[PDB]
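Chemist: Sharing a structure below in structure tokens format, with a few things to ask.
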Amino acid sequence: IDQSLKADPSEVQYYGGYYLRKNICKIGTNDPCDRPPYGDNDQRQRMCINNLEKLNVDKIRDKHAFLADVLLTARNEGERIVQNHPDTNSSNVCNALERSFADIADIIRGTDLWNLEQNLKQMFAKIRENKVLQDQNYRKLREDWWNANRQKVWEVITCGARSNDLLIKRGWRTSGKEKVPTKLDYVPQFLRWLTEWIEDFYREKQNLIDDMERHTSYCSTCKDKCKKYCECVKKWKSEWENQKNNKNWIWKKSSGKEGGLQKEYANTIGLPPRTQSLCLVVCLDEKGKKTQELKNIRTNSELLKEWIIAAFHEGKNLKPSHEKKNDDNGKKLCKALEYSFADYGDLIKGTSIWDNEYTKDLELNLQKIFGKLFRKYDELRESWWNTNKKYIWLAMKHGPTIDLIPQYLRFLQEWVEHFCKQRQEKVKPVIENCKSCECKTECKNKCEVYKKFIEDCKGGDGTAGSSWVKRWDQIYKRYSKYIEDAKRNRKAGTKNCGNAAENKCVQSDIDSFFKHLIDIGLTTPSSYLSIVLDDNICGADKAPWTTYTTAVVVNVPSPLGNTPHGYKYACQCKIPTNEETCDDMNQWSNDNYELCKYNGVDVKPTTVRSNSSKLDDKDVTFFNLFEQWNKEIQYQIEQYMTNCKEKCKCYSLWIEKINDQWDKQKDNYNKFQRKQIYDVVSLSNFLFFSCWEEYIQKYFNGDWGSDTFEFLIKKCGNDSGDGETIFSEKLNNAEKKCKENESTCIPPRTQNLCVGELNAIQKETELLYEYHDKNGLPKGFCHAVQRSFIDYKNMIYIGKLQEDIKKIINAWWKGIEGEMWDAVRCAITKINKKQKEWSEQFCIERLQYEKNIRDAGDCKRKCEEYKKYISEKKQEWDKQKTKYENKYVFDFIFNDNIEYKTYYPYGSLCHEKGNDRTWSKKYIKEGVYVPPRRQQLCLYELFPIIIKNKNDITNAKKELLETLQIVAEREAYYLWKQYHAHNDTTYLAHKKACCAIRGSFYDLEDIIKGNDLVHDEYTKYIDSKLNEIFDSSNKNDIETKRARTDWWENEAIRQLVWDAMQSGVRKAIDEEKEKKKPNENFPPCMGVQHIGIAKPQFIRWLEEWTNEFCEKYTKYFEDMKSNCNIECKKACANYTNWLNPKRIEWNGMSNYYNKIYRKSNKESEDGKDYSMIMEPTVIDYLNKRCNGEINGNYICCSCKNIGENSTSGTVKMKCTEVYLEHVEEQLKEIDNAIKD
């Protein structure tokens, strides 16, 4: 069967993967194919076949690897024949490529006339081992296998060729004047060699007659030389032979005679009618006798004359008859002339994206003309335009301008200008005839006509068949593809001129231009249009292109909206109530349940109904919804307790919404308790547990004293069941928050104070100023008197005075404190007339110690004293950090690891990656959660390196790189030592290990690239110092971030760090002898050195979140299914207590995605580009990513259920009864067995 011969190298996971799918353009036998110009051996048989020459058939995975090897030996010859075939006529480069393809056919099928054949024979023999002898050395097997994979190898040999070709898929002209267009390989190879030879020798004869023109000596030496070889090649005959109409926007592909787009640009941008109606050289009918415009042209002057006269006729065709009285006519005619000039320029240059009946013909004609004119020199055509664009432009303006812009962008600008012309024409009635503040009868239809124009499925009178919205999607798709191609490329940086768009200084190609657009921050078409488009072209309404608008919700830019920006609430003149304004937040909504349903997830009918403890379908659904509601709202209140009048108004409406939602839920739970207990706990005992389990779900992870048990009493319950007042108190606090906002080890000095009696506290502030004095104040004077205030107010060997003052005797103390503040201010004035703290002291002392160390010659003395000082202060900090981190619930300087004391006595060091960490949003600089892998990155050894390089940059690019290598190696080693453990002796273990190591490497790269989203106290200081390392104190955007990116990308470092990662995992593999496991080789998922670009951190964290969520969901679901008495209560409680935080994280990251889904540097709140993200909803994004199997390089997540994350986050029946039994048990525990 044919399907038993067709192969796809994208199938083979790895070689000796998911990269040869749609990206075969750049692709067992480890030997590279190397062996070059065309026609050089005339003094064709020798070709790039070296890869197959050393074919090691032993290490081969079916025929797919063989096809990959053939694809490699075809690509490495196509890319080596495209750039080494001198003809200046792509119709012959095409021929060379097709003849190489035909020679690959012959090599594979064994028909090659001239060690290769043995390897191919054995390969086909082992393929036959895989339909056994149903398709001699397997001649017919070879023929059938070729005829099965004939198309793939052709589209791989034709890749990399210039987007403008003549007979190759990248520009197959029909020449009538998805398949292989040549079908040449079926010709016998002797005939193909004879044709190749005659083409070569006669193109060389043409080159000879050009260089040696017919019109002083040796006027026929080369002619007789060529004739001598023409007689000497007689063996081809008697020797070797015997041995054997107002146009509309097309938007569609070029279907033969009709106009439209060229392929790879079809349905990407529409052709303006002017673009299609452009007068051209061929369309230039001058006189009835066509001879003048026919025949051919001789010199550059004739070509320039044709282009000048065509431009003049275009300008004549581009001016209106009466110009409508020349009032409107003005800048519009000049703009149209500019676009025509640009189109002329890009079609002379040959980088046009539109096609036509005559465009393909004239482009080949221009290639031929430019070849025959500039014989003694692609770049010639662009230079000729850049030199001769002045004359044609001035001819155009008689019927230059900066037009070094990609034709895609100009087409986008013209299409959007037309769209805004129509928009303004149909928005103006709304602006004047209607009004925001005829009240309901005129504005209604004046906005409904606008809606009919906008949501028109036929795309009004601009786009030809799809809605403006759908066509804008095709715009964003193509623009983001351009941006991605510009990002991946490396040879596209600005040219040496010895940011304003420059001609040559700023690099000069499409890729160079898009790299410049990335540099200035325009990575999305909306921002680019907000730049190029002039102000007020879409209406008297200020609807920006960067601000977007909304059973399907479409999120599209403001101009492509159903209603004008601002009139969205005056379309029907609806009440401008603060309610709909506050939407610019919550997500919820008598023997009935007033169910507060999450928008989308409604009531879920339980199907598995068995013997129940009076728990009905509706009761279980309500309990599920209540648990979700009081896990989400109880968190939103604390997350929202932390133009402002509008914010407080919206916030008051928000707290009212939560108040009446809770009022609904109170009655709902009362009904639930009644219907449960009449024939169970209450809100007082549920919300209590719902808080307590937090401490059990965060630091205890599953179930089973002094500074935490009291914290739990003060957090919720107050030693009893008071769930009602736990939540009401925080409701009141949140309610008053914005109203109040709008209303707007002991230190030594504690030893001695102003208690001389045992100027009351006034002599202390004088002696303290005297001590600190040895803006009219020394450094940190206010802090000392502040702590003196704290000590004095806490007061009202030391115990005697507090006891005596207590025997003397708190609003009186408050009055004293106020009078004391007044007296201290008076004391400050009197002094002017005559004219934690331990951390601060330790930091200033350590800075002094660093100065002392750098001031050195007896360096061991000061370093030893520094080390013993740290050792002495360790006891003080041991009792210091806990009391301000355990009571409330830097690290390297007092890291207690032994290996720290071994390697690093200067206050690697990595260790096993504990799996106890969870997802938290801390140190981000909103709504993004840090994965534990990022939280556990090693940066310990980067800290002393940074400290040592104070006021030193010589070692900044030298020592820090070595530290980067060391830390990356240790990170990879420890990740592998913990992820291979996850599944001992399993393939998927090392796959997930590779995924995590790649993620860690990407996060390490982004610590040194742009702004690491996470500002962890290690990376915070690291970036705070290495933005000054690469700084000259000029700027903070181009001086620092661009230089840092150039350091990471172009320096003798990305590859070094990845090689450190590989070396770490190799060390892990070699140290797996105690695991008694095969340490033969390292998994080839780390084999790849170049691993691809890094997508933005939020997207990678989204992928990691999806992977972890789906793996833990499968684990917990299987646990709870296998167990469904203590065996199943644990599974159910674990599932719910893991699902609710994941639902909150899902909602937060979904909101963040919704506000960054297609934004950019100029649009998103952070200066990070998210243009490559292209899906409307996070579910839609993960549906096409987290579906297949993990490969370890590109895919980092696999999931069983993909399109119901929103429903899975809220929901299977008996789980409620076991959860209530668990609640009652944990209650009889925490309320009686721990009470005190």
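In the structure tokens, the first chain shown is A, the next is B, and so on; residue numbers restart at 1 for each chain, and ligands run from 1 in the order shown.
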What's the 10 Å shell around residue 821 (chain A), counting only C-alpha atoms, without same-chain residues fewer than 6 positions away, as a list in words?
Modeler: residues 761, 789, 815 and 827 of chain A
Chemist: Could you pull the residues within 9 Å of region 384-394 of chain A, counting only C-alpha atoms, minus those fewer than 3 positions along the same chain, as JSON, numbers by chain?
Modeler: {"A": [304, 305, 307, 308, 309, 310, 311, 312, 337, 338, 341, 345, 346, 348, 349, 379, 380, 381, 397, 398, 400, 401]}
Chemist: Take the residues that were just selected and, keeping N, CA, C and O atoms, output them as a tab-separated table (two decimals), in the first residue's frame.
Modeler:
chain	number	residue	atom	x	y	z
A	304	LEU	N	14.47	53.41	-17.58
A	304	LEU	CA	14.05	54.55	-16.77
A	304	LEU	C	12.98	55.36	-17.49
A	304	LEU	O	12.06	55.88	-16.85
A	305	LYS	N	13.08	55.49	-18.81
A	305	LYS	CA	12.07	56.22	-19.57
A	305	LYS	C	10.72	55.54	-19.46
A	305	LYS	O	9.69	56.20	-19.26
A	307	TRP	N	9.69	53.60	-17.05
A	307	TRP	CA	9.16	53.74	-15.69
A	307	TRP	C	8.67	55.17	-15.43
A	307	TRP	O	7.64	55.36	-14.77
A	308	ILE	N	9.38	56.17	-15.95
A	308	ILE	CA	8.95	57.56	-15.79
A	308	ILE	C	7.61	57.79	-16.48
A	308	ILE	O	6.70	58.41	-15.92
A	309	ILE	N	7.46	57.32	-17.72
A	309	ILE	CA	6.21	57.56	-18.43
A	309	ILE	C	5.06	56.78	-17.79
A	309	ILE	O	3.93	57.29	-17.71
A	310	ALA	N	5.33	55.56	-17.31
A	310	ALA	CA	4.29	54.82	-16.60
A	310	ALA	C	3.89	55.51	-15.31
A	310	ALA	O	2.70	55.57	-14.97
A	311	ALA	N	4.86	56.06	-14.57
A	311	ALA	CA	4.54	56.79	-13.36
A	311	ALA	C	3.74	58.05	-13.66
A	311	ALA	O	2.82	58.40	-12.91
A	312	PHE	N	4.07	58.74	-14.75
A	312	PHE	CA	3.32	59.93	-15.13
A	312	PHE	C	1.88	59.58	-15.48
A	312	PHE	O	0.94	60.28	-15.09
A	337	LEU	N	-0.43	59.28	-4.29
A	337	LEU	CA	0.77	59.29	-5.12
A	337	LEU	C	1.94	58.65	-4.39
A	337	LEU	O	2.74	57.94	-5.00
A	338	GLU	N	2.06	58.89	-3.09
A	338	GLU	CA	3.12	58.27	-2.30
A	338	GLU	C	2.99	56.76	-2.30
A	338	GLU	O	3.97	56.03	-2.47
A	341	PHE	N	3.97	55.43	-5.69
A	341	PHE	CA	5.42	55.46	-5.81
A	341	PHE	C	6.05	54.30	-5.07
A	341	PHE	O	6.96	53.64	-5.57
A	345	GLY	N	8.10	51.15	-6.53
A	345	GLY	CA	9.44	50.88	-6.04
A	345	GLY	C	9.63	49.44	-5.61
A	345	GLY	O	10.66	48.83	-5.90
A	346	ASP	N	8.62	48.87	-4.94
A	346	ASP	CA	8.76	47.49	-4.42
A	346	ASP	C	8.50	46.47	-5.53
A	346	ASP	O	8.92	45.31	-5.34
A	348	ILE	N	9.52	47.17	-8.81
A	348	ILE	CA	10.80	47.23	-9.50
A	348	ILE	C	11.87	46.49	-8.71
A	348	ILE	O	12.65	45.70	-9.26
A	349	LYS	N	11.91	46.74	-7.40
A	349	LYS	CA	12.85	46.07	-6.52
A	349	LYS	C	12.61	44.57	-6.50
A	349	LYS	O	13.56	43.78	-6.38
A	379	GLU	N	20.67	42.74	-5.28
A	379	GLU	CA	21.05	44.03	-4.72
A	379	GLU	C	21.17	45.11	-5.78
A	379	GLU	O	20.97	46.29	-5.48
A	380	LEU	N	21.50	44.73	-7.02
A	380	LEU	CA	21.56	45.70	-8.10
A	380	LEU	C	20.21	46.35	-8.34
A	380	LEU	O	20.13	47.55	-8.60
A	381	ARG	N	19.13	45.56	-8.22
A	381	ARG	CA	17.76	46.09	-8.47
A	381	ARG	C	17.38	47.10	-7.38
A	381	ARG	O	16.81	48.14	-7.73
A	397	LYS	N	4.55	63.16	-9.44
A	397	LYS	CA	3.98	64.37	-8.85
A	397	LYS	C	3.57	65.39	-9.89
A	397	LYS	O	2.92	66.38	-9.54
A	398	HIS	N	3.92	65.19	-11.16
A	398	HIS	CA	3.45	66.03	-12.25
A	398	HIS	C	2.19	65.49	-12.90
A	398	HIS	O	1.95	65.72	-14.09
A	400	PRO	N	12.39	62.90	-2.68
A	400	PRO	CA	11.13	62.16	-2.83
A	400	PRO	C	10.44	61.90	-1.49
A	400	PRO	O	10.62	62.66	-0.54
A	401	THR	N	9.66	60.83	-1.43
A	401	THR	CA	8.97	60.43	-0.22
A	401	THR	C	9.65	59.20	0.39
A	401	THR	O	10.16	58.34	-0.33
Chemist: Within 12 Å of region 358-366 of chain A, which residues of region 34-138 of chain A come that close, and what is the closest atom pair and distance in Å for each? Count only C-alpha atoms and give it as CSV.
Modeler:
residue,atom,partner,partner_atom,distance
A:88,CA,A:364,CA,10.5
A:89,CA,A:364,CA,7.9
A:90,CA,A:364,CA,8.3
A:91,CA,A:364,CA,8.5
A:92,CA,A:364,CA,11.7
Chemist: With a distance cut-off of 12 Å and only C-alpha atoms, select the neighbouring residues of residue 285 (chain A), excluding the residue or stretch itself and same-chain residues fewer than 3 positions from it, and output the selection as a count of residues only.
Modeler: 15
Chemist: What gap, in Å, lies between CA of residue 1046 (chain A) and CA of residue 1008 (chain A)?
Modeler: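 CA of residue 1046 (chain A) sits 10.4 Å away from CA of residue 1008 (chain A).
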Chemist: Quick check, in Å to one decimal: how far apart do CA of residue 863 (chain A) and CA of residue 838 (chain A) lie?
Modeler: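 Separation between CA of residue 863 (chain A) and CA of residue 838 (chain A): 21.9 Å.
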Chemist: Tell me, which residues of region 576-668 of chain A carry DSSP alpha helix (DSSP H), written as number ranges by chain?
Modeler: A: 578-581, 617-640, 644-668
Chemist: Could you write out the selected residues, including N, CA and C atoms, as a compact mmCIF listing (two decimals), in the first residue's frame?
Modeler:
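The resulting file, again_29.txt, is shown below:
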# COMPACT_ATOMS: atom_id res chain seq x y z
N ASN A 578 -23.57 54.06 37.53
CA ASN A 578 -22.17 53.72 37.90
C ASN A 578 -21.97 52.21 37.80
N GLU A 579 -23.06 51.44 37.69
CA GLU A 579 -22.98 49.96 37.65
C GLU A 579 -22.25 49.51 36.38
N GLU A 580 -22.74 49.93 35.21
CA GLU A 580 -22.14 49.51 33.92
C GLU A 580 -20.78 50.20 33.77
N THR A 581 -20.60 51.37 34.40
CA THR A 581 -19.31 52.05 34.39
C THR A 581 -18.28 51.29 35.23
N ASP A 617 -29.52 16.59 44.95
CA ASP A 617 -28.72 17.17 43.83
C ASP A 617 -28.48 18.65 44.09
N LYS A 618 -29.54 19.43 44.30
CA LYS A 618 -29.42 20.87 44.48
C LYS A 618 -28.57 21.21 45.70
N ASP A 619 -28.70 20.43 46.77
CA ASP A 619 -27.91 20.69 47.97
C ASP A 619 -26.42 20.50 47.71
N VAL A 620 -26.05 19.43 47.00
CA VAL A 620 -24.65 19.19 46.68
C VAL A 620 -24.12 20.28 45.75
N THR A 621 -24.91 20.66 44.74
CA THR A 621 -24.48 21.72 43.84
C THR A 621 -24.27 23.03 44.60
N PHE A 622 -25.19 23.36 45.51
CA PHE A 622 -25.02 24.57 46.30
C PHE A 622 -23.78 24.49 47.17
N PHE A 623 -23.52 23.34 47.78
CA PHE A 623 -22.34 23.24 48.64
C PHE A 623 -21.06 23.42 47.85
N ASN A 624 -20.99 22.81 46.66
CA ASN A 624 -19.83 23.02 45.80
C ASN A 624 -19.67 24.49 45.46
N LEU A 625 -20.75 25.13 45.01
CA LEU A 625 -20.68 26.54 44.64
C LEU A 625 -20.31 27.42 45.82
N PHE A 626 -20.82 27.07 47.01
CA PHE A 626 -20.52 27.86 48.23
C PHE A 626 -19.03 27.73 48.57
N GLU A 627 -18.48 26.51 48.50
CA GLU A 627 -17.06 26.33 48.77
C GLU A 627 -16.22 27.15 47.81
N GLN A 628 -16.55 27.10 46.51
CA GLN A 628 -15.81 27.94 45.56
C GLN A 628 -15.97 29.42 45.89
N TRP A 629 -17.18 29.84 46.24
CA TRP A 629 -17.45 31.25 46.48
C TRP A 629 -16.70 31.77 47.69
N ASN A 630 -16.70 31.01 48.80
CA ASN A 630 -16.01 31.52 49.98
C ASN A 630 -14.53 31.19 49.99
N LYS A 631 -14.04 30.44 49.00
CA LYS A 631 -12.59 30.40 48.80
C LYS A 631 -12.12 31.52 47.88
N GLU A 632 -12.99 32.00 46.99
CA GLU A 632 -12.58 33.05 46.02
C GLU A 632 -12.78 34.43 46.65
N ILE A 633 -13.95 34.68 47.24
CA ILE A 633 -14.27 36.01 47.77
C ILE A 633 -13.45 36.32 49.02
N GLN A 634 -13.28 35.34 49.90
CA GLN A 634 -12.46 35.54 51.09
C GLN A 634 -11.02 35.87 50.75
N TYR A 635 -10.58 35.56 49.54
CA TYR A 635 -9.26 35.90 49.04
C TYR A 635 -9.26 37.23 48.28
N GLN A 636 -10.31 37.48 47.50
CA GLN A 636 -10.45 38.74 46.78
C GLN A 636 -10.55 39.91 47.74
N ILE A 637 -11.19 39.72 48.89
CA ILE A 637 -11.30 40.81 49.86
C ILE A 637 -9.93 41.23 50.34
N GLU A 638 -9.08 40.27 50.70
CA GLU A 638 -7.73 40.59 51.14
C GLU A 638 -6.85 41.09 50.00
N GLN A 639 -7.10 40.65 48.77
CA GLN A 639 -6.32 41.10 47.63
C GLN A 639 -6.77 42.47 47.11
N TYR A 640 -7.95 42.94 47.52
CA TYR A 640 -8.43 44.26 47.14
C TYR A 640 -8.44 45.24 48.30
N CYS A 644 -8.87 58.69 41.51
CA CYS A 644 -9.05 57.78 42.64
C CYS A 644 -10.47 57.81 43.18
N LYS A 645 -11.20 58.91 42.99
CA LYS A 645 -12.61 58.94 43.39
C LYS A 645 -13.42 57.93 42.60
N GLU A 646 -13.16 57.81 41.29
CA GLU A 646 -13.81 56.78 40.49
C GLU A 646 -13.46 55.39 41.00
N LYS A 647 -12.20 55.18 41.38
CA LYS A 647 -11.79 53.89 41.91
C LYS A 647 -12.52 53.55 43.20
N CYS A 648 -12.65 54.52 44.11
CA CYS A 648 -13.36 54.26 45.36
C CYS A 648 -14.86 54.08 45.13
N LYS A 649 -15.40 54.75 44.11
CA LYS A 649 -16.84 54.56 43.78
C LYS A 649 -17.04 53.13 43.28
N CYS A 650 -16.23 52.69 42.31
CA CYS A 650 -16.31 51.33 41.80
C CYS A 650 -16.07 50.32 42.91
N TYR A 651 -15.18 50.65 43.85
CA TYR A 651 -14.88 49.77 44.96
C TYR A 651 -16.06 49.67 45.93
N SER A 652 -16.75 50.78 46.17
CA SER A 652 -17.93 50.73 47.03
C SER A 652 -19.04 49.91 46.38
N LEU A 653 -19.21 50.05 45.07
CA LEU A 653 -20.18 49.20 44.38
C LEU A 653 -19.77 47.73 44.46
N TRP A 654 -18.47 47.46 44.35
CA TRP A 654 -17.94 46.11 44.51
C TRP A 654 -18.25 45.53 45.88
N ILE A 655 -18.04 46.32 46.94
CA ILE A 655 -18.29 45.80 48.28
C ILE A 655 -19.79 45.64 48.51
N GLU A 656 -20.62 46.47 47.88
CA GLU A 656 -22.07 46.24 47.95
C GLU A 656 -22.45 44.93 47.26
N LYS A 657 -21.83 44.65 46.11
CA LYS A 657 -22.08 43.39 45.42
C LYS A 657 -21.69 42.20 46.29
N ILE A 658 -20.53 42.27 46.93
CA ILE A 658 -20.14 41.19 47.82
C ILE A 658 -21.07 41.10 49.03
N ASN A 659 -21.54 42.24 49.55
CA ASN A 659 -22.43 42.22 50.70
C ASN A 659 -23.74 41.50 50.37
N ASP A 660 -24.39 41.86 49.26
CA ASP A 660 -25.66 41.21 48.99
C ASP A 660 -25.47 39.79 48.46
N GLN A 661 -24.32 39.48 47.84
CA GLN A 661 -24.03 38.09 47.52
C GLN A 661 -23.90 37.25 48.78
N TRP A 662 -23.18 37.77 49.78
CA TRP A 662 -23.07 37.03 51.07
C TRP A 662 -24.47 36.92 51.69
N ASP A 663 -25.28 37.97 51.59
CA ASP A 663 -26.64 37.89 52.13
C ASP A 663 -27.43 36.77 51.47
N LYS A 664 -27.28 36.59 50.16
CA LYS A 664 -27.88 35.44 49.49
C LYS A 664 -27.33 34.13 50.05
N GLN A 665 -26.00 34.05 50.19
CA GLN A 665 -25.37 32.80 50.59
C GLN A 665 -25.70 32.41 52.02
N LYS A 666 -25.88 33.40 52.90
CA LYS A 666 -26.26 33.12 54.31
C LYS A 666 -27.58 32.35 54.31
N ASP A 667 -28.60 32.89 53.63
CA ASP A 667 -29.91 32.24 53.59
C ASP A 667 -29.84 30.90 52.87
N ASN A 668 -29.03 30.82 51.81
CA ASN A 668 -28.87 29.55 51.10
C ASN A 668 -28.31 28.47 52.02
Chemist: When you count only C-alpha atoms, which of these residues is closest to residue 352 (chain A): A:879, A:410, A:763, A:223?
Modeler: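 Checking each of A:879, A:410, A:763, A:223 against residue 352 (chain A), counting only C-alpha atoms, the winner is A:410.
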Chemist: Leaving out residue 1003 (chain A) and any residue of its chain fewer than 3 positions from it, which residues lie within 10 Å of it when counting only C-alpha atoms, given as a list in words?
Modeler: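 Answer for this query is residues 933, 934, 937, 997, 998, 999, 1000, 1006, 1007, 1008, 1009, 1012, 1013, 1014, 1094, 1096, 1097 and 1100 of chain A.
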Chemist: I need the residues from that last selection saved to file as an mmCIF file, in the first residue's frame (with C-alpha atoms), if you can.
Modeler:
data_model
loop_
_atom_site.group_PDB
_atom_site.id
_atom_site.type_symbol
_atom_site.label_atom_id
_atom_site.label_comp_id
_atom_site.auth_asym_id
_atom_site.auth_seq_id
_atom_site.Cartn_x
_atom_site.Cartn_y
_atom_site.Cartn_z
ATOM 1 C CA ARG A 933 10.905 25.956 39.786
ATOM 2 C CA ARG A 934 11.605 29.672 39.374
ATOM 3 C CA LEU A 937 16.636 28.700 41.104
ATOM 4 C CA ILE A 997 15.709 22.228 33.080
ATOM 5 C CA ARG A 998 14.795 24.132 29.911
ATOM 6 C CA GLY A 999 12.378 26.274 31.909
ATOM 7 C CA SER A 1000 15.058 27.024 34.497
ATOM 8 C CA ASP A 1006 15.567 36.306 31.385
ATOM 9 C CA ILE A 1007 17.193 37.279 34.717
ATOM 10 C CA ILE A 1008 19.960 38.655 32.476
ATOM 11 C CA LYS A 1009 17.528 39.807 29.733
ATOM 12 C CA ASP A 1012 12.811 39.337 35.127
ATOM 13 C CA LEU A 1013 9.078 39.446 36.075
ATOM 14 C CA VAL A 1014 10.093 38.041 39.521
ATOM 15 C CA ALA A 1094 12.151 32.041 24.900
ATOM 16 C CA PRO A 1096 7.454 35.435 27.552
ATOM 17 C CA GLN A 1097 7.702 34.316 31.164
ATOM 18 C CA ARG A 1100 5.898 29.636 30.099
#
Chemist: Which neighbours of region 331-334 of chain A fall inside 12 Å, counting only C-alpha atoms, when residues of the same chain fewer than 4 positions from it are skipped, and could you give them as a CSV table (one decimal) with C-alpha atoms, in the first residue's frame?
Modeler:
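Writing the result to out_2.csv gives the following:
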chain,number,residue,atom,x,y,z
A,274,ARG,CA,-5.4,51.7,-6.9
A,314,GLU,CA,-0.4,56.6,-13.1
A,315,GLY,CA,-0.3,60.2,-11.7
A,316,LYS,CA,-2.7,61.3,-14.4
A,317,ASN,CA,-5.0,58.4,-13.6
A,318,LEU,CA,-4.8,59.2,-9.8
A,319,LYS,CA,-6.2,62.8,-10.0
A,320,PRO,CA,-10.0,63.3,-10.0
A,323,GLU,CA,-11.1,67.3,-7.9
A,326,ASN,CA,-10.1,71.1,-4.9
A,327,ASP,CA,-11.3,71.7,-1.3
A,338,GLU,CA,3.1,58.3,-2.3
A,339,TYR,CA,1.6,54.8,-2.1
A,340,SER,CA,1.8,54.4,-5.9
A,341,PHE,CA,5.4,55.5,-5.8
A,393,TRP,CA,8.7,60.3,-8.3
A,394,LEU,CA,8.9,63.7,-9.8
A,396,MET,CA,4.5,61.0,-10.6
A,397,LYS,CA,4.0,64.4,-8.8
A,398,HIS,CA,3.5,66.0,-12.3
A,399,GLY,CA,0.1,64.3,-12.6
A,400,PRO,CA,11.1,62.2,-2.8
A,401,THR,CA,9.0,60.4,-0.2
A,414,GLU,CA,-4.1,51.8,3.0
A,417,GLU,CA,-7.3,54.3,6.0
A,418,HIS,CA,-10.2,53.2,3.8
A,421,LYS,CA,-12.9,56.7,5.8
A,534,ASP,CA,-2.6,60.8,11.5
A,537,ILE,CA,-9.1,60.1,10.6
Chemist: Quick one: distance from CA of residue 170 (chain A) to CA of residue 69 (chain A) in Å, one decimal?
Modeler: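 Computing the Euclidean distance for CA of residue 170 (chain A) and CA of residue 69 (chain A) yields 23.3 Å.
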Chemist: Output as a tab-separated table one row per residue of region 727-768 of chain A within 12 Å of region 866-877 of chain A: the closest atom pair and its distance in Å to one decimal place, counting only C-alpha atoms, sorted by chain and residue number ascending.
Modeler:
residue	atom	partner	partner_atom	distance
A:745	CA	A:876	CA	6.3
A:746	CA	A:876	CA	9.3
A:747	CA	A:876	CA	10.8
Chemist: Just write the chosen residues, C-alpha atoms, as a JSON list (two decimals), in the first residue's frame.
Modeler:
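Result file part_14.json:
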[["chain", "number", "residue", "atom", "x", "y", "z"],
["A", 745, "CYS", "CA", 18.37, 40.62, 71.26],
["A", 746, "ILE", "CA", 18.02, 44.33, 72.06],
["A", 747, "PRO", "CA", 19.92, 47.35, 70.70]]
Chemist: Using only C-alpha atoms, can you tell me which of A:372, A:516, A:63, A:335 comes closest to residue 303 (chain A)?
Modeler: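 So, comparing all the options, the nearest one is A:372.
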Chemist: Residues at most 12 Å from residue 439 (chain A), counting only C-alpha atoms, excluding those fewer than 6 positions away in the same chain, as a PyMOL selection string?
Modeler: chain A and resi 433+445-446+570-575
Chemist: Leaving out residue 208 (chain A) and any residue of its chain fewer than 4 positions from it, which residues lie within 10 Å of it when counting only C-alpha atoms, given as an MDAnalysis selection string?
Modeler: chainID A and resid 202:204 212:213 222:223 226
Chemist: Within 10 Å of region 1168-1190 of chain A, which residues of region 538-575 of chain A come that close, and what is the closest atom pair and distance in Å for each? Count only C-alpha atoms and give it as a tab-separated table.
Modeler:
residue	atom	partner	partner_atom	distance
A:553	CA	A:1176	CA	9.0
A:554	CA	A:1176	CA	7.9
A:555	CA	A:1176	CA	7.2
A:556	CA	A:1176	CA	9.7
Chemist: Between A:118, A:606, A:1164, A:466, which is the closest to residue 1212 (chain A) once you count only C-alpha atoms?
Modeler: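 The closest residue to residue 1212 (chain A) is A:606.
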